[PDB]
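As C-alpha cells, the structure follows; a few thoughts come after it.
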There are 2 protein chains.
Amino acid sequence: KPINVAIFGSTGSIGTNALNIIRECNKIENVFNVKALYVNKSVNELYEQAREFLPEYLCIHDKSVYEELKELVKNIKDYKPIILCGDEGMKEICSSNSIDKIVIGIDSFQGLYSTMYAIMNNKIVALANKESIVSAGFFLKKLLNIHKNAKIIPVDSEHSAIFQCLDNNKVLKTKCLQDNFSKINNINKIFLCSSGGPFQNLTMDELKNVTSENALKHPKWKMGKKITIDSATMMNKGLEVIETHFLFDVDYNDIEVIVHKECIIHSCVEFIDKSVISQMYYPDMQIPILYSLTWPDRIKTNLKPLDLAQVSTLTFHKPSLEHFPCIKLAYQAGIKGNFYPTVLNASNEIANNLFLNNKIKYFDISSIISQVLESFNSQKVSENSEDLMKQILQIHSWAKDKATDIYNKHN
Amino acid sequence: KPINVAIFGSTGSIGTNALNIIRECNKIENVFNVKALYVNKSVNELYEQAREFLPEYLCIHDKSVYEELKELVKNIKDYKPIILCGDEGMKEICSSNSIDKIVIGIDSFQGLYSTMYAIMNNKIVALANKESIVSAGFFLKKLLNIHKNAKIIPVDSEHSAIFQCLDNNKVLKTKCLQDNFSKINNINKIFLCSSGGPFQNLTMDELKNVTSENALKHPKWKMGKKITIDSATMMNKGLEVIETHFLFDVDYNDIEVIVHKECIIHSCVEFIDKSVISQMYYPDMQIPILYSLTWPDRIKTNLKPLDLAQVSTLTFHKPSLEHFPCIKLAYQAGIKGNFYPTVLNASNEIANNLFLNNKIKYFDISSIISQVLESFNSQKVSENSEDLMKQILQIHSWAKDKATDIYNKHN
Ligand SMILES: NC(=O)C1=CN([C@@H]2O[C@H](COP(=O)(O)OP(=O)(O)OC[C@H]3O[C@@H](n4cnc5c(N)ncnc54)[C@H](OP(=O)(O)O)[C@@H]3O)[C@@H](O)[C@H]2O)C=CC1
Ligand SMILES: NC(=O)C1=CN([C@@H]2O[C@H](COP(=O)(O)OP(=O)(O)OC[C@H]3O[C@@H](n4cnc5c(N)ncnc54)[C@H](OP(=O)(O)O)[C@@H]3O)[C@@H](O)[C@H]2O)C=CC1
Ligand SMILES: O=C(CC[C@@H](c1ccccc1)P(=O)(O)O)N(O)CCc1ccccc1
Ligand SMILES: O=C(CC[C@@H](c1ccccc1)P(=O)(O)O)N(O)CCc1ccccc1
Ligand SMILES: [Ca+2]
Ligand SMILES: [Ca+2]
Ligand SMILES: [Ca+2]
Ligand SMILES: [Mn+2]
Ligand SMILES: [Mn+2]
C-alpha cells in the first residue's frame, strides 16, 4: 500500500524537508512514491530532484523556463515524465487518480490556489501555508463541505503537534476546519507554544530602535526572511492563533500563547476533563511533514531520539502584549471574524516587508496593521463559492493598498 | 445509559477519590450508578458512604463487623441493600450483570484476588493496585486471553498518562497486557516519570542515615505510608517499570526512568517515528480514576486548569542507581521474568515494613530484597490457571518468610 504523494513547492524549505524524510524513510522500507514535483522557476534544482525521485509528473510554473526543463530532463535515461506548465499543469496533477496526497509547500498568498484545486479533487492536502487558512478560512470550510472526501492535514509545527495529541477514532468522525471539531474531540483549550523570537527579552525602548538586521542576524534557528520577521514581532504566532481557530474550531478565549524558548514542547491540548496532552521533539519539520503523509498511522524513522535528561530544563512564560502588540491585533481580528483575518494577513504582508527593507520601525508594523483593520468594514459574506473567493482577493488587495497608503501618507 | 460501577476498597485513598469525582460528575446528570462498595473493616466510613450513594450492594471483608454494619445501615430510611461478606461477597458482586466497571483500590497482594474475579466475569477493571500486575503479570495476561471482554484500564498515574498518550484508534484494536500491544500502538519507548521522592538530593553519606520519619514528615505530597516508603527508595518506580512492561508490552530496555521533580509531566511515549507525546496536569488522581471509567471518552470536570506559565519551569534528570538500587533490582527481576517479580514484590513488602518500623536501615532494604532474589530458584510455570495462582501464592509467601528470616538472622 504505497503512499502516492505530490510535492508542490518542492525546491523550498518545506519541499526539500518533505523529500528528505521521504528519502530517509524509503531507505527503511519503500512506502512512498513521489509522483509529482512542482516549482516556480528553480529549473536546475527541479532537474536534480527528478533525477533522484523519477516522478511521473514535473511541472514548472514559469513558462519561460519550460523548454530548458525539457532539455535538462532528456539527459535522464529511461525516463519519460509528463512535463507540464503553469496553473494548467497544476490542475492536471491535482486531477490525477494516481495521486492521493499533496504537500503544499508554496509560500504567500499564491499557496491558496493549489490548495483549492487539491481540495476540489478530494485529496489529502498536507498544508504548511498558514496564510491560506488565515486569509481564506471560511472559504476553505465551505469548500471542504462540498468535497467531503478532501482533508486538510496540518503541517505547521504547532498545529501538527495539536493534531498529534488527539484520538484518531474521534478525529475520523470529523475533519480539520469543520465546525464542532473541538466538541467532537472533547477539546477545551490550546496552549500554542512559541520560540518567542529574537526580541523576546528587549525593553520597549530597545524595541523602538530594533532593525530587521537585528531580527535576521545571528539567528538561533535559520529561517526565511518573511517568517523570521513575523517571529520577531510575534505576528507569526498571531497568524497561528487564527490558524488554530480555523483548523480545530477552538474559541479565541480558549487559545493561550505561551513562550517556550527551548522549543521542545511544540504545543498542548487541554481536554474537557482538564487533562493536557502535548507533542514534544527537537525543533523539527520532518515529523510534522511525515505525520501529514502517514496519518492516521506512524512509520519508523531513523531520527535522533529525544534525550529529555540531556535537554534538562523546559521553561514557559506569558508573552507581553505591550512588547508584542501584533499578538493582540491577531486576536482582535480573529474575534471580529468576517474578513478581518484576510485584512490582518494582507496588511502584515506589507508592514513586514517595509520593516525588512528598513522603511519603518518596529512599532510602525502594528500601527499600520491597526489602522488598516480600523478602516475596514464588515462585508456580507457571499453564499456563492466563486463570489466568496472574489471577495477574499478583492479584500486582500484592498488591504495591501491601504497599508501602503498609510505608510506613504506618514512618510 | 449510566455507567454501573463498583468501588473495591471504597474507604481508602483511591476509593475516596473515585467517589469524589463520581459525586461531581453526577451533580446534574446520572452519569454513574454506584452499584457496590467493598471494604475490609471500616464500617463507620462505609455507612457514611452508603447513606450518600445508596448502593445496591455493600460488602465487608472482615466478618467480625457484619453486625455493626447491619446496625448502622438500619438508620438509613427506605434503604434495603444486599449486605455481603468476604470472598463470597466479592465474587457475588463481580458476577452481577448490573455491574460494568470495577475500581480496584484494594492495597497489597490481596488486591489480586478481586482483580482476578473481575476479569473472570468479563468486567472493565480500573486497576490502581500495581502489585497485582508485578506479582501476577503473566497470569493476568493468560486470564485476559481467556476472558475476551475483560479489560484492565490503568489507574496508576504514570500508566494512565501513558495510556492517554496513545491513540485510541489503535488502543481499541488491542487491550492492556495483550501480546503485540506495543506493535499495534507503534510504541518505541516509554519515559516513566517519577517525583524522585524525599531523598532524591541526598549524598551517599546522608542517605545511609535516613529514617522512615524523614520520609514521612513534611511531605511534599502526603500519601499513605507504604507508598511513601517505596517513593523514598524508588522501589515504587521499580514496581512501575515492571507494571509498564506488562500493561503495554514494552521491552525493559525501552523503559527509561526520568526524575521530574515538579510532577507536572506524568509520563511520555516515544513512537516509532520518534515523536513523543506526554500527558500533564497537577499531581492528581481524579483524572486517572475518571478516565479509567470514561475511556474511550472524556467528560467535563471542574478541576483547576493547568497554568503552565505559573509552573514556569520543568526539569528532568536520570536517577542514580547507586543511590536508588531498588530500581536496578526491579529491572533485574523483570528481565529474568519467571516468578522473580513476585519475589521482588513480596520481599519489598517485608523490607518496606521493617524500615517503616525502624528495624533496618535504608540500604538494608535493597540488601534484603537482593538476597531473597538471589536465593530464589526458577520454577516451571503451571499450565493451568488454578495451579498457576497457587504457585504465585506459595512463592509470595516463601519470599516474605525468607525476607523475615534474613532480617532475624542479622539483627
Ligand atoms: N519552512 C518552514 O519550516 C515552515 C514553513 N511554513 C509555511 O509553509 C509555506 C512554505 O514555506 P517555505 O517552504 O519556507 O517557502 P520557500 O520560499 O522556502 O519555498 C516556496 C516554494 O514554493 C515554490 N513556488 C512559489 N510560487 C510558486 C508557484 N506559483 N507555483 C509553484 N511553486 C511555487 C517555490 O519555487 P521556486 O524555488 O521555483 O521559487 C518554492 O519551491 C509558507 O506559507 C510558510 O509560512 C510553516 C511552518 C514552517
Ligand atoms: N493512593 C494513591 O493515590 C495511589 C494508589 N495506588 C495503588 O492503589 C492501591 C490502593 O491504594 P490506596 O487507596 O492508597 O490504599 P488504602 O490503604 O488507602 O486503601 C485500601 C482500601 O482497601 C480496603 N481493603 C483492604 N483489604 C481489603 C480486603 N481484603 N477486601 C476489601 N477491601 C479491602 C481498605 O478497607 P478498610 O478501610 O476497611 O481498611 C481500603 O478501603 C495500592 O495498590 C496503591 O499502590 C497507585 C497510585 C497512587
Ligand atoms: O512557525 C514556525 C517558525 C516560527 C516559530 C518558531 C521559531 C523557532 C523555533 C520554533 C518555532 P515562532 O514561535 O517564533 O513564531 N514553525 O512552525 C517552525 C518550527 C521550526 C522547526 C525547525 C526548526 C526551526 C523552527
Ligand atoms: O506512584 C504514585 C505515587 C508515588 C510517585 C509520585 C509521588 C509524588 C508525585 C507524583 C508521583 P513516585 O514517582 O515518587 O514513585 N502515584 O502514581 C501518585 C501520584 C500522585 C497523585 C496525586 C498526589 C500525589 C501523588
Ligand atoms: Ca463485631
Ligand atoms: Ca490519547
Ligand atoms: Ca525496541
Ligand atoms: Mn509554526
Ligand atoms: Mn504511580
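The first residue you see is number 1, and the count goes up from there.
Looking at the header, which is where the method is noted, we find X-ray crystallography, 1.5 Å.
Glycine too: its Cβ is placed from the backbone N, Cα and C atoms.
Features as listed in Swiss-Prot:
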type	residues	note
BINDING	A:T11, A:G12, A:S13, A:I14, A:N40, A:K41, A:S42, A:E131, A:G224	NADP(+) binding site
BINDING	A:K130, A:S157, A:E158, A:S195, A:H218, A:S231, A:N236, A:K237, A:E240	1-deoxy-D-xylulose 5-phosphate binding site
BINDING	A:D156, A:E158, A:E240	Mn(2+) binding site
BINDING	A:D156, A:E158, A:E240	Mg(2+) binding site
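Where Swiss-Prot records a feature, it is marked here on the structure.
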residue: A:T11; record: NADP(+) binding site; DSSP class: coil
residue: A:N40; record: NADP(+) binding site; DSSP class: coil
residue: A:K130; record: 1-deoxy-D-xylulose 5-phosphate binding site; DSSP class: helix
residue: A:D156; record: Mn(2+) binding site; DSSP class: coil
residue: A:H218; record: 1-deoxy-D-xylulose 5-phosphate binding site; DSSP class: coil
residue: A:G224; record: NADP(+) binding site; DSSP class: coil
residue: A:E240; record: 1-deoxy-D-xylulose 5-phosphate binding site; DSSP class: helix
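Nearest by CA distance to A:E240 (1-deoxy-D-xylulose 5-phosphate binding site), out of the binding-site residues A:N40, A:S42, A:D156, A:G224, is A:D156. Within 10 Å of A:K130 (1-deoxy-D-xylulose 5-phosphate binding site), as judged by C-alpha distances, no binding-site residues are found among A:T11, A:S13, A:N40, A:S42, A:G224. Taking CA atoms as the reference points, A:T11 (NADP(+) binding site) and A:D156 (Mn(2+) binding site) are 18 Å apart. Set side by side, the binding-site residues A:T11, A:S13, A:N40, A:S42, A:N236 differ in how many other CB atoms lie within 10 angstroms of their CB, and the most is found at A:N236. Listed in sequence order, A:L192, A:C193, A:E240, A:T244, A:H266, A:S267 are the same-chain residues at least 6 apart in sequence whose CB falls under 8 Å from the CB of A:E158 (1-deoxy-D-xylulose 5-phosphate binding site). Cβ atoms within 8 Å of the centroid of the Cβ atoms of A:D156, A:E158, A:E240 (the Mn(2+) site) belong to the same-chain residues A:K130, A:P154, A:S157, A:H159, A:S160, A:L192, A:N236, A:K237, A:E243, A:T244, A:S267, site residues excluded.
Screening the binding-site residues A:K130, A:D156, A:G224, A:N236 for a C-beta under 6 A from any atom of ligand 3 leaves A:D156, A:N236. Residue environment of A:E240 (1-deoxy-D-xylulose 5-phosphate binding site) contains 28 other Cβ atoms, counted within 10 Å of its Cβ in all protein chains.
For the binding-site residues A:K130, A:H218, the largest tally of other C-beta atoms within 10 A is found at A:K130. Each residue contributes its Cα atom, and for A:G224 (NADP(+) binding site) and A:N236 (1-deoxy-D-xylulose 5-phosphate binding site) these two points are 12 Å apart.
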